[PDB]
2 protein chains.
Amino acid sequence: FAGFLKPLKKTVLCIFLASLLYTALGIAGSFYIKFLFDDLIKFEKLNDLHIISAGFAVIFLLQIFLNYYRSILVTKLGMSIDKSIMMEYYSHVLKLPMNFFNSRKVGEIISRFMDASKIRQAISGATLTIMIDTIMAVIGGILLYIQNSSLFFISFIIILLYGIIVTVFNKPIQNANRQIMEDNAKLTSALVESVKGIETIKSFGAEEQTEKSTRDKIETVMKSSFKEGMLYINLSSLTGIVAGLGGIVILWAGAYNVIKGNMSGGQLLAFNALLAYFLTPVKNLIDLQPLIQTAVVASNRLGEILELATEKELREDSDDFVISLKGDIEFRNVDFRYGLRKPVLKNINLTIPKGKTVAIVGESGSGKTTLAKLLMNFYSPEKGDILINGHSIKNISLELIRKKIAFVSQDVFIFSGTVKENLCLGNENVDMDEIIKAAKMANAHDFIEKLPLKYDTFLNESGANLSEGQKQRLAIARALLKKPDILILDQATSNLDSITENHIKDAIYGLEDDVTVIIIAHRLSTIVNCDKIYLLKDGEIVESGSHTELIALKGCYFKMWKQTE
Amino acid sequence: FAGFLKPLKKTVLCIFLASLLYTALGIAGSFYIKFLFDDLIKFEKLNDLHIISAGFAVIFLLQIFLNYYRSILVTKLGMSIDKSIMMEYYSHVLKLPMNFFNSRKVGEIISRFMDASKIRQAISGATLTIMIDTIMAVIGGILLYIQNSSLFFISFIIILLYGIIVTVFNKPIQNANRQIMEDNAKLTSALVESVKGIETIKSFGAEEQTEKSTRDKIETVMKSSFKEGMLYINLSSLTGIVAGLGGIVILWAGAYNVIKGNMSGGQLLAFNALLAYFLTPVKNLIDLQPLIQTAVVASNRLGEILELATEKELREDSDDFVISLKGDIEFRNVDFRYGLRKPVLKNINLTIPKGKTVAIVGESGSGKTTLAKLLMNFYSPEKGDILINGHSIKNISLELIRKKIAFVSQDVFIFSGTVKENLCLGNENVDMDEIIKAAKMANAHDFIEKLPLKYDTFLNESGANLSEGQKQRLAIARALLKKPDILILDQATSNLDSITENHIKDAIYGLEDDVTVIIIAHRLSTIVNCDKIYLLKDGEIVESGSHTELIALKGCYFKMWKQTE
Ligand SMILES: Nc1ncnc2c1ncn2[C@@H]1O[C@H](COP(=O)(O)OP(=O)(O)OP(O)(O)=S)[C@@H](O)[C@H]1O
Ligand SMILES: Nc1ncnc2c1ncn2[C@@H]1O[C@H](COP(=O)(O)OP(=O)(O)OP(O)(O)=S)[C@@H](O)[C@H]1O
């Protein structure tokens, strides 16, 4: 932020100077009105009155144009800083590991986004008011000091009361602001989650469930909002009391100083205009009380960004100095728990050969996702390690692991946009020949040409038209187009059996076992065709081998095949 | 609003009267200050000065307490109305058909939510300032009219200029407001999409894609925001010109009327304070012009929410009062396309028997999910119809169809909450015996007891712990707990092969075919295990029968089995 401020120092200087001159001329002109009223009655001058009026009008106009240009500049700078900050936050939250994202929901990050944004705009208008109030405080302080000692005492009392009330209401406001932010976050989150699960609830029939949920959320949010609003109105009332009593005191002391022979009536009116130039600042503080809430929101945003900065330094934490392309993958004495108790791996030792197609068969929940996750460094391992290309996974570059290794998810995600792009996610500037070759190999090419707008059909949230089989085939197409050094596939064949049989035959033919292959499938029948197989049982690896040797082994796999196949 | 007025008329009257009287006393006390400075100081009466000052102070205090209580009440009412409206909108968008959900994305509804909310709060502060401005405008108008003709002319000119500028900037503001709303909505949508697909992006490696995307969205949003802000600053500058020139004119004409013998200096000051009691309205209007944008956004939001409430109960226009329990489901000459071209169903003739299990096997893209949607009345059929229990689906009650028919999805969704509740979605106040029996039958009961907090484990998204097999088993468990008159199951077994195999033996044994069964599975053998089978080929039904008869038929199904089995 400081660097950005430095790169806008000249604009800041222009704004500062313009503000100072504008405020000076403004006070001068209000005192021009004072002298106007004071001179015209004592000396009775019509022409001089007209001329003076014109002059003061001109002064006011110049002041107004200055405040105009200044406000424009400060607004531009403010909004620029806002955009920069928001983008930084979003980017830093994007580069975060799987654990931090899994620990929370979409609603959280989205709520934080919108809230922090609004807080930022509020911060830029607060910024404008801040510049004006600062300059007015300096100028007003000098002018008030010079103009009248007793009036300066009054102004000092007013400023003191204003400050005291403002701070004493400031401390309490931030907390309720945080609470309100939390409530709005929860409500928005429930809204998003309910929106996604629209099909589940519309089909199930439970509308009253989410209705009551949103009712409770809206109720609590309304309660907190009413509390904070009441506090704000209390603050406004107190500051209004200080200001008003300040005015009355100013009028009384003005009359007193007038009749005592200490000051003139024109000095009283001038005291009213310099009162405008001293009280302008405190009113700005009473308006600033709302900015404090935005500042609290900013504290929350910075706390979130501190959290976002966390899992950025862990991706780099293990450093790099390797330049490997594709290695043999072994798991050695692993013992990691993705939770407090009930470890996913109590002991897992596995081995997949370079240039060999491998299959891992286990039911859903056994340990199919964990292997791919551990290889991808999605979830770090607490105890024990793994070896890739004759090197630990910790030392390997995460970007190269990301690009060269492909993971086929059971739940494929497609971001809104053209199908060609959603298919070409990951690798940018990819030749159409490779994408068309992958599409042709994925056996989905027919379902790609069947689309209305060829390849550029709008695909938004599995909409408008989309097949699960075509989707998994598209995932496989992406994995193929990426030219993977390591290929991990879940039970994609299991998603849509018939077309998946053909497309799996085609993909198995295409693979040629030129690289390591992982299977997160439970379908034993589909995995037997593969070259080699590993077995995951009760969180522990049993025996590595082929279907024939494993079945002839007469162990647990043979028991599984006897029990199911 | 009318209903709120009826339920709060006395309070509203109290607030209005309090505002009028308070403002009156304010003007009176301001004229007390006028007479104070002009008469008491000039004629030199100290005691009267002190006493008068005290009195006017008291008047001001009473005014302040009145405005306080009024503002509190109006705030409460405002926020209540806000909550009501928001809840109504969300509820009406929840009860909407599948077509509206498919037509848009989460980002849309979420954006509308947040925007309409902020607009509502803005509407309550605009409401407070509006009440004060109205009452003060009436009193100030009368008093100004009586007090001085020329000053009234000045005030009239000021009000005229204010109104003209305000409207002429008002019309243009709403458009830019709509644009800003659209851009911000797009940004929020990109945010939500990025949030859901976090795993997809972490896996793919493409961070620069969403980074540049959100950068562009933020850029356009910043452009529109800066434009609207510039317009607002222009408005503020113009209104400021009107106000300032109004003041200068007031001072000059005041001096003129003073020296002419038409008015006193005290009459001039009183004219300035009653000017404050007329200008109270114009500052409020200047604040209302910025509020006007929020009001426009609220209007757009109301337009968006008004259109959505249509297709919730008007789609059937046939009434209900039907009491079927469980019927036979047949398809007759159906021809519906869920898109402009490429119809999903060109012709569909089918017949499903009461108390009989049916299985339909087809690849990804054939039309089984579309069929299930048609049975659920999720998507209505353009041409042709379907018959249930000797009655059209159009005439049947959608709620009874919702509760009595259960669909097990291939793509499982889990809403945030306790596992017991997520499992007991749909039917409220369900006995624990039925849920435990369904869990025991779903074979997931073991994986339910394996959980840390038994049944009350937190289930939010795919975190912290969740299995696909356990998920589909949970869907089946929910379907069982609902006590369905019609059971539609997708390839749930195909999601997670092994545990689904055991649980399929147990559940298929459990079903006992006491009701109609639909299959959206592609696994031909597992569906072959079922009682009767239907065939979907190229969007048209071929032949209904059993595996033996269909295979022996030597048609297309036999060709399919030759090609795959
Ligand atoms: N709402 C829709 N509007 C238009 N076309 C659709 C729509 N939903 C699906 N489709 C089309 O129908 C196909 C979707 O296949 P589905 O049968 O619905 O699902 P699926 O891939 O068969 O999943 P399973 O597990 O086999 S039931 C694609 O070819 C789409 O083009
Ligand atoms: N708290 C947790 N955090 C992260 N992962 C977890 C947690 N608890 C369980 N898991 C993992 O979640 C996975 C369950 O994935 P499943 O889908 O049920 O298995 P699967 O065989 O991969 O089925 P598919 O083909 O991937 S759909 C297991 O591999 C567990 O290790």
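Caption draft 1: Local environment of the overall build of chain A. The helix and strand tally for chain A stands at 20 helices and eleven strands. Principal-axis analysis of the C-alpha atoms gives chain A an extent of 120 × 55 × 50 Å. The long-range share in chain A, meaning contacts at least 24 apart out of those at least 6 apart in sequence, stands at 79%.

Caption draft 2: Expanded view of the relation of the copies chain A and chain B. Least-squares fitting of chain A to chain B yields an RMSD of 0.7 Å, with the superposition described by an axial translation of 0.0 Å and a rotation of 180 degrees. The symmetry that links the two subunits is that of a two-fold axis. Within chain A, the C-alpha atom positioned nearest to the axis of rotation is that of A:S494, 2.6 Å from it.

Caption draft 3: Seen up close, the packing of helix α6 (residues 149-196) of chain A against helix α8 (residues 208-260) of chain A. All names here are of chain A. Where α6 contacts α8, the two axes come as close as 9 Å, and the packing angle between them is 165 degrees. By the criterion of interaxial angle, the relationship of α6 to α8 is roughly antiparallel. As for the relative orientation of α6 and α8, their crossing is left-handed in sense. Contacts between α6 and α8 pair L161, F169, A176, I180, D183 and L187 from the former with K217, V221, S224, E228, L235 and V242 from the latter. The residue makeup of the contact of α6 with α8, split by class, is eight nonpolar, one polar and three charged.

Caption draft 4: Structural detail: the sheet that holds strand β9 (residues 516-520) of chain A. Residue and element names in this part refer to chain A. What the three strands build is an open sheet, ordered β5-β8-β9; its pairing is parallel. Each having just a single partner strand, β5 (405-408) and β9 make up the two edges of the open sheet. The mean inter-strand angle of the sheet, taken between neighbouring strand axes irrespective of direction, is 10 degrees. Bridge analysis of β5 against strand β8 (residues 486-490) gives four bridges, and the strand direction is parallel. Across the sheet, the residue bridging to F407 is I488, located in β8.

Caption draft 5: Here's a closer look at the sheet that holds strand β5 (residues 405-408) of chain B. Residue and element names in this part refer to chain B. Pairing is parallel across the open sheet formed by three strands, whose spatial order is β5-β8-β9. The open sheet is flanked by β5 and β9 (516-520), the only strands paired with a single partner. When the angles between neighbouring strand axes are averaged without regard to direction, this sheet yields 15 degrees.

Caption draft 6: Quick look at the interface of chain A and chain B. Every contact between the two is made by 32 residues of chain A and, on the other side, 31 residues of chain B. Among the elements of the structure, α4 (98-102), α7 (198-204), α8, α16 (468-481) and α17 (497-511) of chain A are those that each provide at least two residues to the side of chain A that touches chain B. Of all the elements, α8(A) adds the most residues to the side of chain A that touches chain B, at five residues. Among the residues making up the side of chain A that touches chain B, the classes are represented as 15 nonpolar, 13 polar and four charged.

Caption draft 7: Structural context of the packing of α6(A) against helix α9 (residues 265-308) of chain A. Residues and elements named next belong to chain A. Two elements in contact, α6 and α9, have axes separated by 9 Å at closest approach and are oriented at 10 degrees. On the basis of the axis angle, α6 is roughly parallel to α9. Seen from α6, the contacting residues are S155, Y162, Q174 and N177; seen from α9, they are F278, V282, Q293 and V296. Taken together, the residues of the contact of α6 with α9 break down into four nonpolar, four polar and no charged.

Caption draft 8: Examining the UniProt feature "transmembrane region" (unreviewed entry) in chain A more closely. According to UniProt, the feature "transmembrane region" (unreviewed entry) maps to residues 12-37, 49-69, 122-145, 151-169 and 231-255 of chain A in the numbering used here. The distance from the first to the last C-alpha atom of residues 12-37 of chain A is 38 Å, and the span holds 100% helix and 0% strand.

Caption draft 9: The domain arrangement of chain A, seen in detail. What the domain assignment reports for chain A is domain 1 (80-312) and domain 2 (329-564). Placing a centre on the C-alpha atoms of domain 1 of chain A and another on those of domain 2 of chain A gives a separation of 51 Å.

Caption draft 10: The arrangement of unusual backbone geometry in detail. Cis geometry is found at the peptide bond from A:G463 to A:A464, where omega equals -5 degrees. Of note, A:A464 is situated in the loop between β7 (458-459) and α16. In this structure, B:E512 takes a positive phi of about 60 degrees despite not being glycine. Checked against the element boundaries, B:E512 lands in the loop between α17 (497-511) and β9.

Rules behind the numbers
- Residues numbered from 1 in each chain as written, not as in the entry; some residues may be left out.
- Chains lettered and ligands numbered in written order.
- Heavy atoms only, no water.
- Residues with missing side-chain atoms left out of burial classes, pairs and counts.
- Helix = DSSP H or I, 4+ residues; strand = E, 2+ residues; numbered from the N terminus.
- Contact = heavy atoms within 4.5 Å.
- Least-squares fit on C-alpha atoms.
- Axes fitted to C-alpha atoms, helices over the stretch in contact; angles between N-to-C directions.
- Parallel < 35°, antiparallel > 145°, perpendicular 65-115°, else oblique.
- Left-handed = near helix turned anticlockwise from the far one by under 90°.
- Nonpolar A, V, L, I, M, F, W, Y, C, P; charged D, E, K, R; others polar.
- Pairing = 2+ DSSP bridges.
- UniProt positions renumbered as here; feature names shortened; annotations may be inferred.
- Domains from an automatic or database assignment.

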